[PDB]
Structures are given as structure tokens and as C-alpha cells.
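To start, the structure itself, in C-alpha cells.
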Amino acid sequence: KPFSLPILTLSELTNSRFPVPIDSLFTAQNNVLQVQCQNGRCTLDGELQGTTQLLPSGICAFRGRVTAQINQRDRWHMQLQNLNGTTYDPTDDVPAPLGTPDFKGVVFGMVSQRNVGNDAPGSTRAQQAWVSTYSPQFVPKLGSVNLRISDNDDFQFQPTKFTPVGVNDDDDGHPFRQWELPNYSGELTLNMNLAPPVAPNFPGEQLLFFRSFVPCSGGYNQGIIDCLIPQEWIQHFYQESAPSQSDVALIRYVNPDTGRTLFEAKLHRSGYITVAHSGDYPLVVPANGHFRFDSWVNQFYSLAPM
Amino acid sequence: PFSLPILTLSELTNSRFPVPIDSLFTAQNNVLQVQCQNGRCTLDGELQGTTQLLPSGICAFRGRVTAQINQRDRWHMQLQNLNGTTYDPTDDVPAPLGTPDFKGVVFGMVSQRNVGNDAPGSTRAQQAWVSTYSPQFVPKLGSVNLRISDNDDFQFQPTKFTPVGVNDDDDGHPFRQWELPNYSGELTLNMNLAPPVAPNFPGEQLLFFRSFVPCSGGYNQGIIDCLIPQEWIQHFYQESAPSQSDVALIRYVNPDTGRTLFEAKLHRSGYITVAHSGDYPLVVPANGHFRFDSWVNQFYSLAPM
């Protein structure tokens, strides 16, 4: 079963860590700080890892029921279900329900409700809401998160969905940090079942990211969210489940009109890309360009500089 | 060879609104025409109507807010293509790709990020609504007007609309999923439309992939039905497998037990028919999915569903 990539331009790709299109490619200087995102994690033979699930509309979304309120800024207690509406099992071998945000910050969007049972069944409402992943009530692994909402008088103990729109720094200092994992079980607890950290370990190699500039709700944050591989690749590997023949798939970024290769990169078995380059660099590439699978190589392959 | 992706209903996205599929539904043939413009794709991978590839593009807008008017639909948004490129109104499409294909109100959020001289990089976001009944809803001409919640915190800057749900308007403009809006002005016909779809065989009805999308008040069920899910569209676009006949016979299978539950006709132009009479929400096991069986033709006689 031969390995392959979907043929898609950057504007035809979705960020696997936030539900927006990809804007550009970026390679980052290797620093001390570790890359360990939990969404957008998938092996080349199609094993989803961390909190990764298949739907763009599941990324940083929540589903469940609002069951209580507390006298705290994170006021409304949302008891979570899996995004498909099935019962969430906290003893499952995942860091958190699939789709949970994998960064520290505030996700802003909207909550919507639709009543079931005895109390005005079928009645609906929606409003602006925020989820702080710094909150001591952000404990999705245990089965709940607390919401901040704009109108505390129009919100009921009913089935609720959170739809994400963007991110921001909190307004009491706590900054948006895309590479800092939240505490999925709250303060004084350690995360479990994590997709492993990723780093280049070949001299002169750096990670290559698919970058999006997501919306923000005030101030000057650039909204940068970088993912290892786009959601469409994850979807493709899941379908194909092609066995991986070595630790590294050599891939070429090609211009399909002119037919030429623009640069090459290493796509590692565990689902991330490295290139031979030194320094932060937003890539300058033609809009019609896309990656294509060349061959199976190994860790020691020496990339042409990019 | 032609094929379908292997995905359960909870692993599929509605091609007409960016939410998961909840269920399958077959509808009684009525007089009203089914002619949706999102979620349109041939089996050999030709996207039609206002269809584009990204779930996050469905019912989204991108552009620049350039003026306001003393009307309920106050803020004039000049549209770009969803990738940020310049929208060309003379292109052979009904409207910019991703434009909503129903009459009603789409609610969600607008967000801005300044460029140029005036506080570049400054951002803001809030609740907003797009009425597709509005006389200022003219996406084919290159603009729509937005209703927003805070008229004092909104600038003439690059803007994105992110949809969350739908609703009936007030004052007698209901949410009608099968009524196309006027993509240009009142009194102008829509152009370059994906064609109407209907069963042509006696005893056959359309089969839909159904979602119950969020609503922002009242009792509307939020029903949005699509012909084929977004993942199938994405798959046909990739494969571009030449279609060998007008109809692909597909079987809904339970992969655990291995048995076929029913069969259906997947037509070349990208819609499904089944042999059934009456509105019926299907009750099928959660692990079920369609699989391609063979190329047949229009005259194939389906086993009753």
C-alpha cells in the first residue's frame, strides 16, 4: 500500500490546531522551549494521537450540558460529552476529550443552547462566551470546563455547544502561549497520555510549521497558531493507513504548473516536518505550490538547504 | 477506480453548514425544487455552485468594511474570496464561494485586524448577523451588509465573518433552507447555478445528510440537509475518478456484522436517491457507512429501503 499526500494548496488546507485556513509556512529557530501540541497529531500510518479527532469543526469546540453556576469569573459549569454527543469517559487513555484546546490562553466564541426534556423543549439561545484554559475550573480531563458569558440572565441548565472563533491573551495578564499546554486536570495535577514532544535532532534542521493568523478580540496579538501537519493530511493518513517503510518520508514542495521542485523536507513517521535552514523564516513560495511524497529515507538523510 | 471515504455519520461534516452530520433523512417528493449551491460536486470531482473545499469556508465571509448606512443592515462589507484574493464579479459562479445558499439569518461573530496606517494590528470581535433576505445582501455584486451588536467598536478595516448558527428573522422572514437568496439585487435572476436535483424514477426519493444546527432564540429545529457530505466532496476532488455510468450503486453497510442494510443510487452529478415513500428519518447503527458497489444506470431498480 503506497504512501501518499493529498494534493492541496495552502489556501485549500485547514489548521489542525484551530478551525481556520492555513495562511503560510514558517520555519522556527530551535529554542529551549518544547513543542508538544495535542491537536493535529497523527502518525503517517494514520494513528491519531493526543486530543486529535477528524473534524475541523471539532477543533477547540466543546459539547455538553450546563449544570451549575459559581460565584467566580469562570461562572458556568459545563459538564462535557464527547463531541459526537456520546458520554465522556474520564478513564480513557487520552489527555482530555478530543478537540480540547492545547494551549494556554482564552478562546472566545459563542455558546448556544437547545432545550430538551420538560422545561420549554426546543427553545434556543446563543451568545458570546469565553473559555480560559488558565482557569482552575478548566478541567476537561475530569469532565468539565467553566464558561464566561456576556449575559448571565439568559442562560439555562440545558444542552450546550461552544463554537470557537478566535483566541486572546486574558485581560488580567495571563498571555496567549501556543506552545504551553494547559493543565487538563487543573492546578497541582500533571497531564497524562500526551502525544510526545517533537524536535529536530539533526544539526542544521528546524521544524516547519503550517501557520495561521487567527482572529483576536482586542489588542494587538497576531493570533499565531502553528501546526505540525494540516487537518486534511491527518484525514488522508487515517483513510489510507499506509504502513510506513522507514522513519522518514522525503517530501518535495513542487510548483505543478512549471513542474519544478522548490525545496525538500523530511516528513517524520510520527507526523511532523523538518527542513535544513537556520533562523526564523516565513517561506516565500508561489501560491499554487504543494508537497508531494518522494521516497522513504532515514534520519540521517542530508536535506538540500532551503 | 471510483471510491468513497470510509467515515461514520459522526465523522462527517455538513456541506451546507460547518457542523457534523447528525442523521440521514429521506424526504417526500414535493413541488418545491432542491437546488442548493453549497455541497455540490460531481463524482469525478468538479465542484459546482458556490462550493469550495474547507468546512471553515461554508457560510463564511471575508473582506473589508467600507461604509455604514442608516438601515438595520448597517455595515457595508466589500467581499474578497475566502483566501484573501480579490473577488471578480464576472467569474462564472453564483456568488463568492462559501456564500450561504438559503433564505434566513446567519448569526455568528465578526472579527477585524487593522492594516495600513491606522493602528495596524489592532483587533476587535463581536456578535453579528447576516440576513440573506436583506436588499443589501448582494454577494454576487461583491458585498453584503452586517448587523452587529456594538456600533461604536467597529472600523473600516479587514473583516471576517465566522458563522455559528441560523434563525428565522423577525417580521415574517422565516428560515427556508430550500429557498435560494437573490445573490444579486431584487429583480435580478441568479446565474451559473448548480442545477436542480430531483428523483426521475418512480418510487424514488432524495436521501439527505441532516444536521440540527444552532439557533439564537425561539423554537426552530435548525434543520440543514445536504446532498453529500463535505468529506465526500474533498475525496472526489482528489481522486477525479472518471465516472463510468450515470449512477454509482452504493450500499450502506454495518462493518462489524458485515451486512448491507440498504442500497442507494449515487448519481454522477452528486446526489443520492433511495426507493422509499414518505418523510423518514433513518434509524441505522452508529458504525454504518456507505461503500461503492458498482456502476449501474438510471433504470436500475433499487431494493426498497
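By convention in this document, the chains of the C-alpha cells carry letters A, B, ... by their order, each chain's residues are numbered from 1, and ligands are numbered from 1 in the order they are shown.
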> When the cut-off is 8 Å and we count only C-alpha atoms, which residues of chain A are near chain B, given as an NGL selection string?
Replying inline: :A and (6-7 or 11-14 or 19-21 or 54-57 or 84 or 109-110 or 112-114 or 122-128 or 163 or 165 or 215-222 or 239)
>> Quick one: residues within 12 Å of residue 86 in chain B, only C-alpha atoms, excluding same-chain residues fewer than 3 positions away - as a list in words?
In response: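 Once the adjacent positions are removed, what remains is residues 62, 63, 64, 78, 79, 80, 81, 82, 83, 89, 90, 91, 96 and 142 of chain B.
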>> With only C-alpha atoms as the counted atoms, please give the residues lying no more than 12 Å from range 287-295 of chain B, apart from itself and same-chain residues fewer than 2 positions off, as a ChimeraX atom specification.
In response: /B:1-12,23-24,43,209,228-229,232,242-268,272,282-285,297-300
>> I'd like the contact shell of residue 290 in chain A - 7 Å cut-off, only C-alpha atoms, skipping same-chain residues fewer than 5 positions apart - returned as an MDAnalysis selection string.
In response: chainID A and resid 7:9 253:255
Could you save those same residues with C-alpha atoms as a short mmCIF file (atom, residue, chain, number, x, y, z; two decimals), in the first residue's frame?
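As a result, part.cif now contains:
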```
data_model
loop_
_atom_site.label_atom_id
_atom_site.label_comp_id
_atom_site.auth_asym_id
_atom_site.auth_seq_id
_atom_site.Cartn_x
_atom_site.Cartn_y
_atom_site.Cartn_z
CA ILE A 7 -2.76 17.37 -3.34
CA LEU A 8 -3.84 20.69 -1.81
CA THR A 9 -2.55 24.27 -1.88
CA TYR A 253 7.40 21.14 -2.41
CA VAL A 254 6.53 21.44 -6.11
CA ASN A 255 5.16 24.02 -8.50
#
```
>> Just want the 7 Å neighbourhood of residue 228 in chain A, counted on only C-alpha atoms, with same-chain residues fewer than 4 positions away dropped. Output as an NGL selection string.
In response: :A and (40 or 209-210 or 272-273)
>> as a count of residues only, please: every residue in range 245-276 of chain A that a backbone DSSP assignment puts in strand (DSSP E or B).
In response: 20
> Can you tell me, as a ChimeraX atom specification, what residues are no more than 12 Å from residue 25 in chain A when counting only C-alpha atoms, ignoring any on the same chain fewer than 3 positions away?
Replying inline: /A:9-11,13,15,22,28,207-213,224-230,253,273-275,280-287,289-291
Selection above as a file: C-alpha atoms, as a compact mmCIF listing (two decimals), in the first residue's frame:
```
# COMPACT_ATOMS: atom_id res chain seq x y z
CA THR A 9 -2.55 24.27 -1.88
CA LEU A 10 -2.10 26.24 1.35
CA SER A 11 -5.40 28.04 0.84
CA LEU A 13 -5.69 23.43 3.89
CA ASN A 15 -5.08 24.32 10.55
CA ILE A 22 -3.61 27.90 6.65
CA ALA A 28 11.39 28.44 13.50
CA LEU A 207 10.72 22.35 12.36
CA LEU A 208 8.48 23.53 9.52
CA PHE A 209 5.01 24.72 10.53
CA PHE A 210 1.75 25.39 8.75
CA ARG A 211 0.85 28.82 10.13
CA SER A 212 -2.49 30.58 10.62
CA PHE A 213 -3.24 34.10 11.85
CA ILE A 224 -0.33 32.94 15.51
CA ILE A 225 -1.19 29.24 15.67
CA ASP A 226 1.30 26.83 14.17
CA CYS A 227 0.50 23.21 13.40
CA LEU A 228 2.74 20.30 12.51
CA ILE A 229 0.57 18.92 9.74
CA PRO A 230 -2.73 20.22 8.37
CA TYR A 253 7.40 21.14 -2.41
CA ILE A 273 8.24 18.15 9.19
CA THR A 274 11.85 19.33 9.36
CA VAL A 275 13.87 21.41 6.90
CA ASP A 280 13.10 32.18 11.79
CA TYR A 281 11.90 32.41 8.17
CA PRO A 282 8.41 32.86 6.73
CA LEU A 283 8.67 30.96 3.45
CA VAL A 284 8.28 32.76 0.11
CA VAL A 285 6.64 30.31 -2.20
CA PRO A 286 4.20 30.50 -5.11
CA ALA A 287 0.51 30.20 -4.28
CA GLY A 289 2.62 25.05 -4.55
CA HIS A 290 2.11 21.81 -2.64
CA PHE A 291 4.04 18.93 -1.10
```
> Skipping near chain neighbours, those fewer than 4 positions away, what residues fall within 8 Å of range 26-40 of chain B using only C-alpha atoms, listed as an MDAnalysis selection string?
Replying inline: chainID B and resid 14:16 47:52 58 98:102 178 180 193:198 205:208 226:230 233 270 274 276:282
>> Just list as a PyMOL selection string whatever in range 113-266 of chain B DSSP marks as alpha helix (DSSP H).
In response: chain B and resi 230-239
The selected residues should be written to file as a short mmCIF file (atom, residue, chain, number, x, y, z; two decimals), in the first residue's frame (atoms: N, CA and C atoms).
```cif
data_model
loop_
_atom_site.label_atom_id
_atom_site.label_comp_id
_atom_site.auth_asym_id
_atom_site.auth_seq_id
_atom_site.Cartn_x
_atom_site.Cartn_y
_atom_site.Cartn_z
N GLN B 230 -19.23 17.03 3.22
CA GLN B 230 -18.06 17.77 2.78
C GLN B 230 -16.87 16.84 2.51
N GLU B 231 -16.69 15.82 3.35
CA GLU B 231 -15.61 14.83 3.14
C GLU B 231 -15.69 14.04 1.82
N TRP B 232 -16.90 13.81 1.32
CA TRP B 232 -17.04 13.13 0.03
C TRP B 232 -16.60 14.07 -1.07
N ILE B 233 -17.00 15.34 -0.95
CA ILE B 233 -16.60 16.34 -1.90
C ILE B 233 -15.08 16.44 -1.97
N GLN B 234 -14.46 16.53 -0.80
CA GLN B 234 -12.99 16.59 -0.71
C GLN B 234 -12.36 15.36 -1.38
N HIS B 235 -12.96 14.20 -1.17
CA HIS B 235 -12.44 12.96 -1.73
C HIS B 235 -12.57 12.92 -3.27
N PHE B 236 -13.72 13.30 -3.81
CA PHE B 236 -13.91 13.26 -5.27
C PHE B 236 -12.98 14.25 -5.96
N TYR B 237 -12.81 15.42 -5.35
CA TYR B 237 -11.86 16.42 -5.86
C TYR B 237 -10.44 15.86 -6.02
N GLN B 238 -9.98 15.09 -5.04
CA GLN B 238 -8.66 14.47 -5.07
C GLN B 238 -8.55 13.41 -6.14
N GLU B 239 -9.52 12.51 -6.13
CA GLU B 239 -9.48 11.29 -6.93
C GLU B 239 -9.70 11.59 -8.40
#
```
